[PDB]
Protein chains: 2
Amino acid sequence: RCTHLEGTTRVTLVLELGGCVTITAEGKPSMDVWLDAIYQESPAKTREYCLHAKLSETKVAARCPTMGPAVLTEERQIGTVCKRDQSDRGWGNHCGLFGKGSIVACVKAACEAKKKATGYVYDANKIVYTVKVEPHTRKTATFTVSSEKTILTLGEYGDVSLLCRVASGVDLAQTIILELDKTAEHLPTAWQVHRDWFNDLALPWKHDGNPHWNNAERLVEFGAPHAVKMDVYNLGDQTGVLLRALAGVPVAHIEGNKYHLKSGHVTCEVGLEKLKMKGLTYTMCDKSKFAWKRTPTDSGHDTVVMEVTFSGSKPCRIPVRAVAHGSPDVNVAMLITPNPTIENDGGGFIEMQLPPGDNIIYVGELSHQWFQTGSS
Amino acid sequence: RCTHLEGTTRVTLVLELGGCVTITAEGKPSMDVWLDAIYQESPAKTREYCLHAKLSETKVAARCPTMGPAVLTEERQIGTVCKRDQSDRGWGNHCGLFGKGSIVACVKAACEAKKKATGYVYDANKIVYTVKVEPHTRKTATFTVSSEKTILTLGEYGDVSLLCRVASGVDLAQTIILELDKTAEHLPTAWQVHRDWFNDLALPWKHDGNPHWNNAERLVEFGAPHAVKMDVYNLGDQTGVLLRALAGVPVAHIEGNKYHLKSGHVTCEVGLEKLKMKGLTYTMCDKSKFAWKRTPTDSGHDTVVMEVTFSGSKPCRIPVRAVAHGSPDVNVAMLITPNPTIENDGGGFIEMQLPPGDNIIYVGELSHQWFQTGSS
């Protein structure tokens, strides 16, 4: 989704992620600046939620309705879920006093492999921004909060200054990359969610490395007790629940160590007074020896694009122009490619804006017509 | 949860499932009637929902923004999920006309093994009821809608007539047993849910045997397309979702072919004029040669229970009585065990109601005191 930005010597841009900006000044080469990616490498873990429990064999203890308290070894340990209630005992048991007794049911909870959900948070002091200037509608500039000014030496075009204010997006406090462990299936991984949401999840969690699990009763549920017994059940794989919650929330991307934001912008102050044209020593190309490689067609982003073959004298400068019907002697071609030059290796593609109506585009002598639709 | 039902010759009962009813008439032996189970063997399947999808390798086709329609072999087949939209093509592709193109992404959907959820429905004409009379606070009587009257020959006690009106519970139209396939874990199976709910589930389903799956887009979701590609994702195992929905809904029980209801009642017209006592030819036991096997203790269900050892002449009839303090010569023992007789094999357990206050219970000469708490 490019945006054009037609001269003075300084420009201010808001480069949003996934956004192209073709800046073009009178008498200067046009160039494409676009915030490529905002990332942080190996951020800090906050929590690891468990999407699927894994329960040991249940241990149940129980005693009579007046004296005996029920005790177990899974009691007073770490990493177990326990519960205790009525038991409705009597003489059918070996519990001679009729009445309501004491139970306890305990299960050692653990988390099954590859069923973690890890949450990573962002430190602004450690985030990197990529800007990537390129000519005629490539070099990369890395920015941090701590370094936000860089001079790019665009080969044989000149020098471009970039002072890119790091405008943090969602407050990097609020932001969490949610990464699932790579289940063998083909399902998404690493959404970008809000911290206040991520911490408010009804799933067993812990801290990175902590050998035991917190709030494991959220995936374990017990049954009614029968005088010596009480059933314990697992609530099964929660991956479906989480994917339901994460419906439509966009998937953030990860290149190994690099964790990406899918939000945020950067405000760059592009200084373009040190850059030069492609070259004006060139003699004009033979006005006749052209042909169309590709007809003038819509750029899609409101300009007109085309490519031409030149079967004559190599490096030279192209005589591009356009006319509006009725005034054949005024030029209406507003070239986005400012000085199209056909070169040794090849190339020589032309882009221009045209006023609405019928126009005739002349590349030397090669003519072709275009209808630039009215504003819409 | 027994209920006592203290004479005439006919009784009407509402026996609810999980409910004991101790019917006792003057001069007749007391007996326990209880609806044991309501079931139907191998009922009809309605639907099989899929809790976890299983997607083939995606096939993606795409063509240019003016002419080419996108087609595939997974199109015009059965058991696939497909979708098609914009594609934003141009010259970076091999798609020379700039503009928005045509896509299609198709995946063969199947259901993973042991991830079915089957729904069984009840035909009233095929449901069986069990009633199970037994003496002194065992024989089984089977009832259907089509046969609802049976004479039980309680050995040496007599004959009991049972006319049990089959009062269908939840309209067996509305009722569905939900059975999960036996996942290796220890998790519940076979809830009893309502049909209007069971059919309103956002899961892929089919009919018993149907080789392909309906509405498989409910577990499959696609991504944004990039000019030749468009990602397809699985929503993972839904077992967690269903167990969340089924939180607290009681688990119905299954004995192989037998599927159980956990609701419903039966209205039985117990006829008890053909049953006789344990035996009154017996000479009274030696009023002295007794001892307590188990002290008079609360029945829990508002009566008093006890057991006695007799070290003397075998089969005989026990002289049980009770007195309220202040009137030592009136009998207040309201025996639920009407004619306690100590027998050869053993036994001879006594149950009685007592008026509130201090009472003294006399088994022959063996005395023991009891405090029957006031009404509460």
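For chain B, we keep the numbers from Swiss-Prot: what you see runs 282-287, 297-427, 440-678, in order.
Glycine too: its Cβ is placed from the backbone N, Cα and C atoms.
Annotated features in Swiss-Prot:
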DISULFID  B:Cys283-B:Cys310  disulfide bond
DISULFID  B:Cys340-B:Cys401  disulfide bond
DISULFID  B:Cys340-B:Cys396  disulfide bond
DISULFID  B:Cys354-B:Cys385  disulfide bond
DISULFID  B:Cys372-B:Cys401  disulfide bond
DISULFID  B:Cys372-B:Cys396  disulfide bond
DISULFID  B:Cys466-B:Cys570  disulfide bond
DISULFID  B:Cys587-B:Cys618  disulfide bond
REGION    B:378-391  region 'Fusion peptide'
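A gap of 79 Å separates the Cα atoms of B:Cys385 (disulfide bond) and B:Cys466 (disulfide bond).
Separation of the C-alpha atoms of B:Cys466 (disulfide bond) and B:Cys401 (disulfide bond): 45 Å, rounded to the nearest whole number. Sequence-distant neighbours of B:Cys354 (disulfide bond) (same chain, 6+ residues apart, CB-CB distance under 8 A): B:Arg379, B:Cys385, B:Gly386, B:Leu387, B:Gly391, B:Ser392. The two recorded residues B:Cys372 (disulfide bond) and B:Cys396 (disulfide bond) have their Cα atoms spaced 4 Å from each other.
Taking the Cα atom of each, B:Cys310 (disulfide bond) and B:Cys401 (disulfide bond) are about 45 angstrom apart. The two recorded residues, B:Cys570 (disulfide bond) and B:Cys283 (disulfide bond), show a Cα separation of 16 Å. For the unresolved segment of 9 residues bounded by B:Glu287 and B:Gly297, the separation of the terminal Cα atoms comes to 8 Å. For the disulfide-bonded residues shown (B:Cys310, B:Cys340), fewest C-beta neighbours within 10 angstroms: B:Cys310.
Cα of B:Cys283 (disulfide bond) to Cα of B:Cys587 (disulfide bond): a span of 31 Å. The Cα of B:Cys587 (disulfide bond) lies closest to that of B:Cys340, out of the disulfide-bonded residues B:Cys340, B:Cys396, B:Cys401. Sequence-distant neighbours of B:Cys401 (disulfide bond) (same chain, 6+ residues apart, CB-CB distance under 8 A): B:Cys340, B:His342, B:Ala343, B:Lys344, B:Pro506, B:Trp515. Sequence-distant contacts of B:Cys618 (disulfide bond), defined by Cβ-Cβ distance under 8 angstroms and a gap of at least six in the same chain, are B:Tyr584, B:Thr585, B:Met586, B:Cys587, B:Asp588, B:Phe612, B:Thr643, B:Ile644. For B:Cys396 (disulfide bond), other Cβ atoms within 10 Å of its Cβ number 23. Of all the disulfide-bonded residues listed here (B:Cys283, B:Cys466), it is B:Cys283 whose C-beta has the fewest other C-beta atoms within 10 angstroms. With 12 residues not built between them, B:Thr427 and B:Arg440 place their Cα atoms 11 angstrom from each other.
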